[PDB]
$ cat upload-v3.pdb   # PDB, C-alpha atoms
ATOM      1  CA  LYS A   1       0.000   0.000   0.000  1.00  0.00           C
ATOM      2  CA  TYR A   2       3.016   2.250  -0.554  1.00  0.00           C
ATOM      3  CA  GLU A   3       3.672   1.760  -4.268  1.00  0.00           C
ATOM      4  CA  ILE A   4       0.617   3.915  -4.970  1.00  0.00           C
ATOM      5  CA  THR A   5       2.161   6.639  -2.812  1.00  0.00           C
ATOM      6  CA  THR A   6       5.558   6.474  -4.513  1.00  0.00           C
ATOM      7  CA  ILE A   7       4.160   6.426  -8.049  1.00  0.00           C
ATOM      8  CA  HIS A   8       1.772   9.305  -7.356  1.00  0.00           C
ATOM      9  CA  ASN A   9       4.622  11.356  -5.891  1.00  0.00           C
ATOM     10  CA  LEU A  10       5.704  11.983  -9.483  1.00  0.00           C
ATOM     11  CA  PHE A  11       2.229  13.289 -10.314  1.00  0.00           C
ATOM     12  CA  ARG A  12       2.324  16.943  -9.263  1.00  0.00           C
ATOM     13  CA  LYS A  13      -1.217  17.141 -10.640  1.00  0.00           C
ATOM     14  CA  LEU A  14      -2.408  14.333  -8.366  1.00  0.00           C
ATOM     15  CA  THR A  15      -3.070  15.590  -4.838  1.00  0.00           C
ATOM     16  CA  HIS A  16      -1.036  13.358  -2.526  1.00  0.00           C
ATOM     17  CA  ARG A  17      -1.186  14.160   1.189  1.00  0.00           C
ATOM     18  CA  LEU A  18      -1.340  10.610   2.549  1.00  0.00           C
ATOM     19  CA  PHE A  19       2.431  10.449   2.073  1.00  0.00           C
ATOM     20  CA  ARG A  20       3.073  13.015   4.806  1.00  0.00           C
ATOM     21  CA  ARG A  21      -0.272  13.035   6.617  1.00  0.00           C
ATOM     22  CA  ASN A  22      -0.537   9.241   6.682  1.00  0.00           C
ATOM     23  CA  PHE A  23       2.919   7.897   5.829  1.00  0.00           C
ATOM     24  CA  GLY A  24       4.579  10.883   7.475  1.00  0.00           C
ATOM     25  CA  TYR A  25       2.561  11.653  10.597  1.00  0.00           C
ATOM     26  CA  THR A  26       3.817   8.303  11.887  1.00  0.00           C
ATOM     27  CA  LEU A  27       6.901  10.187  13.068  1.00  0.00           C
ATOM     28  CA  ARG A  28       4.688  11.519  15.860  1.00  0.00           C
TER      29      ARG A  28
ATOM     30  CA  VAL B   1       8.046  16.101  -0.035  1.00  0.00           C
ATOM     31  CA  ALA B   2       8.945  12.441   0.466  1.00  0.00           C
ATOM     32  CA  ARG B   3       8.904  11.432   4.134  1.00  0.00           C
ATOM     33  CA  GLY B   4       6.995   8.169   3.846  1.00  0.00           C
ATOM     34  CA  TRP B   5       9.797   6.488   1.915  1.00  0.00           C
ATOM     35  CA  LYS B   6      12.777   8.023   3.713  1.00  0.00           C
ATOM     36  CA  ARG B   7      11.523   7.421   7.254  1.00  0.00           C
ATOM     37  CA  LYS B   8       9.329   4.338   6.858  1.00  0.00           C
ATOM     38  CA  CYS B   9      12.123   1.785   7.246  1.00  0.00           C
ATOM     39  CA  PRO B  10      10.288  -1.128   8.918  1.00  0.00           C
ATOM     40  CA  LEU B  11       7.037  -0.132   7.210  1.00  0.00           C
ATOM     41  CA  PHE B  12       7.889   0.311   3.530  1.00  0.00           C
ATOM     42  CA  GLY B  13      10.682  -2.178   4.151  1.00  0.00           C
ATOM     43  CA  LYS B  14       9.083  -5.451   5.223  1.00  0.00           C
ATOM     44  CA  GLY B  15       5.946  -4.044   6.821  1.00  0.00           C
ATOM     45  CA  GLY B  16       4.230  -4.612   3.498  1.00  0.00           C
TER      46      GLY B  16
END
$ encode --input "upload-v3.pdb" --output "structure tokens"
Amino acid sequence: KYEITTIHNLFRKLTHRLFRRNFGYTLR
Amino acid sequence: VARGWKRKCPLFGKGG
């Protein structure tokens, strides 16, 4: 469930916030 | 803006 977050990262047009809000907030 | 692939070691690593 990460491949979709890494492939979308190259899509500036595609709004991706689950990479920092979901796969990033984990830091906290 | 990539923090889910640079921090997620155990997750993106084998967690999948």
$ atom_distance --input "upload-v3.pdb" --atom1 "atom CA of residue B:10" --atom2 "atom CA of residue A:16"
21.7 Å
$ interface_residues --input "upload-v3.pdb" --of "chain B" --to "chain A" --cutoff "9 Å" --atoms "only C-alpha atoms" --output "PyMOL selection string"
chain B and resi 1-5+7-8+12+16
$ axis_aligned_box --input "upload-v3.pdb" --around "stretch 2-14 of chain B" --padding-each-side "5 Å" --output "lines of an AutoDock Vina configuration file"
center_x = 9.9
center_y = 3.5
center_z = 4.7
size_x = 15.8
size_y = 27.9
size_z = 18.5
$ decode --input "upload-v3.pdb" --residues "chain B" --atoms "C-alpha atoms" --output "PDB file, in the first residue's frame"
ATOM      1  CA  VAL B   1       8.046  16.101  -0.035  1.00  0.00           C
ATOM      2  CA  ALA B   2       8.945  12.441   0.466  1.00  0.00           C
ATOM      3  CA  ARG B   3       8.904  11.432   4.134  1.00  0.00           C
ATOM      4  CA  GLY B   4       6.995   8.169   3.846  1.00  0.00           C
ATOM      5  CA  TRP B   5       9.797   6.488   1.915  1.00  0.00           C
ATOM      6  CA  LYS B   6      12.777   8.023   3.713  1.00  0.00           C
ATOM      7  CA  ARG B   7      11.523   7.421   7.254  1.00  0.00           C
ATOM      8  CA  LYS B   8       9.329   4.338   6.858  1.00  0.00           C
ATOM      9  CA  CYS B   9      12.123   1.785   7.246  1.00  0.00           C
ATOM     10  CA  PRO B  10      10.288  -1.128   8.918  1.00  0.00           C
ATOM     11  CA  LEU B  11       7.037  -0.132   7.210  1.00  0.00           C
ATOM     12  CA  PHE B  12       7.889   0.311   3.530  1.00  0.00           C
ATOM     13  CA  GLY B  13      10.682  -2.178   4.151  1.00  0.00           C
ATOM     14  CA  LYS B  14       9.083  -5.451   5.223  1.00  0.00           C
ATOM     15  CA  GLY B  15       5.946  -4.044   6.821  1.00  0.00           C
ATOM     16  CA  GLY B  16       4.230  -4.612   3.498  1.00  0.00           C
TER      17      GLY B  16
END
